[PDB]
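First comes one chain, alone, set out as structure tokens in the form deposited in one PDB entry.
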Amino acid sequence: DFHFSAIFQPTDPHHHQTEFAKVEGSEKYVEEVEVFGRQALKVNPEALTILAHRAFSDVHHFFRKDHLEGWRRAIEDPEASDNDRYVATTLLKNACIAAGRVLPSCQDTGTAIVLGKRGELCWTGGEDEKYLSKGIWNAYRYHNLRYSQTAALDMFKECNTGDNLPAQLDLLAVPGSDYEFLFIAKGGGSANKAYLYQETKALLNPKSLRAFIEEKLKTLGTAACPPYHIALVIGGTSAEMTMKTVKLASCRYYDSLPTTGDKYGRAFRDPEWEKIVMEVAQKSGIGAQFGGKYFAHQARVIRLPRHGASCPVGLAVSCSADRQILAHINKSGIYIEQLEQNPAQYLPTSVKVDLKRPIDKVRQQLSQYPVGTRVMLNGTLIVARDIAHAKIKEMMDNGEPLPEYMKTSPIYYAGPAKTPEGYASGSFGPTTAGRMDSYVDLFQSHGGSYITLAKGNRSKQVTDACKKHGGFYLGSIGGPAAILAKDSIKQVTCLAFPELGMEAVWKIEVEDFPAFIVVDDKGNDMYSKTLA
């Protein structure tokens, strides 16, 4: 006989476990009505604008308890490494500055993603995408955020959209008369650490699955600012369904799923394998960015049904900029998830490097120290990331020289958020180093980029280049963009390619800028043991 079984059967489908605050007076935007014997809700679409604006504003200044608890856990655990505690302390202090509501917690204020669930009898007028986008436009336009969306004018010619649009708007049709939401301000770095694997039945035994987890977790590296929320999805009805599921799992959206399967193929959370993932993460030694125990905050493992011929697998993280907000509109008005507004309650030996000298003198000083040495940088950084590197390579391919500004100073891979009025800099932390790896040997061979500054482990070609050319790669802490802006960055100037927005070349003056020597000029790599 026919028996319908929904794949996802959360015991808390409306997220009653979350605390919400009502937007004051927002009941003026809704009206409960009764049509053809059923309860319906008229919603002024302006409510969607109000809600998206507040959500994509608040989420940049506050965090969830389970995120903050993880940093405090990394500080208080006796088994944490010194680097574990240093990174976690820095990120918590960063969260305290972001809670001042001026600087966002990360310079990468993310892609705006909306998961919406509009009830059959929730009536908005139907222009939901436009009104949601206007609220997002408002949040990024009128706050000290960043325009991160790159439009393709043709296959290769690109420009910044200048407003952080378009958003990803996934609006679903569901029963009832309410409107439920998950808003995600998704950073590019953690979005890049969402992986799809095509596997087989040969994986589905304890030994093979454990080895698989050990292998794949290492490929995450430190490039998305751990401690991670690690999500793992085994199975799925299609690649895109698996990847949607691992995204939502990383947002703890499926925490209330059943924990056992059944003959109808329902999804379930697997706490036993979450514990195994956490054991792999801890024993890896990768740590909170620079070696230790706190590679991961927590783990979510969801087992899904599969076509007999198929076994898609998804792996994804939520990064230090852990930014999602639940919300709903009902007959009483607009409700938005309450984040922690007082992160301070969760709070329970370096080499001074003067950059104000010839770059060869800085290289000689750095050459005296092993990888893993904590440094503090004082002086000028030249800022350049993906597009500027591509333009400079193209210039050199046409016979033009490597520009002078790639030869005078360490290269900081970064793109700033907008500068608050009266501030020296907006949030201005690093971007992922690995994306620039293909340029390092080329640029060093042409007399520049000897010292680079960013975050994440890099490929072997960069280790070889630094040894061949006497270069260095310095790893900044990943994520603490607001405290770096408040305490370290003293002057910001646009140097070249202003049309690229945040991806322009910048010249900045910094003081007390912390970093680790990750790659030296001798073939050493402080990630060589944990990530290889």
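By rigid core we mean the largest C-alpha set that fits within 1.5 Å across both forms. From 1 onward, residues are counted along the sequence shown.
Undergrad: Does at least a third of the other compared PDB entries (those resolving both flanking residues) leave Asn192 without coordinates?
TA: No: coordinates for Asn192 present in every compared entry.
Undergrad: Is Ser320 a gap in at least one third of the other compared entries?
TA: It is not, since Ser320 is included in all of the other entries that model both flanking stretches.
Undergrad: Look at the stretch from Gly100 to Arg101 and count the residues of the deposited sequence that the entry does not model, then pick none, 1 to 3, 4 to 9, or 10 or more.
TA: Per the record, no deposited residues are absent between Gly100 and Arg101.
Undergrad: Test of understanding: from the entry's C-alpha B-factors, which stretch has the higher mean, 474 to 482 or 33 to 41?
TA: If you average the C-alpha B-factors of 474 to 482 and of 33 to 41, the larger mean comes out for 33 to 41.
Undergrad: Could you check which stretch, 177 to 185 or 78 to 86, carries the larger mean CA temperature factor in the entry?
TA: So the stretch with the higher mean C-alpha B-factor is 78 to 86.
Undergrad: If I read the C-alpha B-factors straight from the PDB entry, which of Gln324, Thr431, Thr260, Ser148 is highest?
TA: Result of the comparison over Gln324, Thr431, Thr260, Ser148: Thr260.
Undergrad: Quick one: which of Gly415, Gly287, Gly314, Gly379 shows the highest Cα temperature factor in the PDB entry?
TA: Answer, based on the entry's C-alpha B-factors: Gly379.
Undergrad: Would you check the entry's CA temperature factor for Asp154 and let me know if it's in the chain's lowest, middle or highest third?
TA: Ranked within chain, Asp154 CA B lands in the lowest tercile.
Undergrad: Sorting the chain's CA B-factors, does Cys466 end up in the lowest, middle or highest third?
TA: Middle third by C-alpha B-factor.
Undergrad: Report the third (lowest, middle or highest) to which the CA temperature factor of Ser190 belongs, ranking only the modelled residues of the same chain.
TA: Lowest third.
Undergrad: Where does the C-alpha B-factor of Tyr423 rank in its chain, lowest, middle or highest third?
TA: As the PDB entry reports it, the C-alpha B-factor of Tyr423 lands in the highest third of its chain.
Undergrad: Based on the entry's values, in what third of the chain does the Cα temperature factor of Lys65 lie: lowest, middle or highest?
TA: As the PDB entry reports it, the C-alpha B-factor of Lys65 lands in the middle third of its chain.
This next part talks about the form deposited in another entry, which is not shown.
Undergrad: After superposing the two forms on their rigid core, pick out the one entry in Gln198, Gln168, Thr219, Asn398 with a CA shift of 2 Å or more between this form and the one not shown.
TA: Everything else stays below 2 Å; the exception is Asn398.
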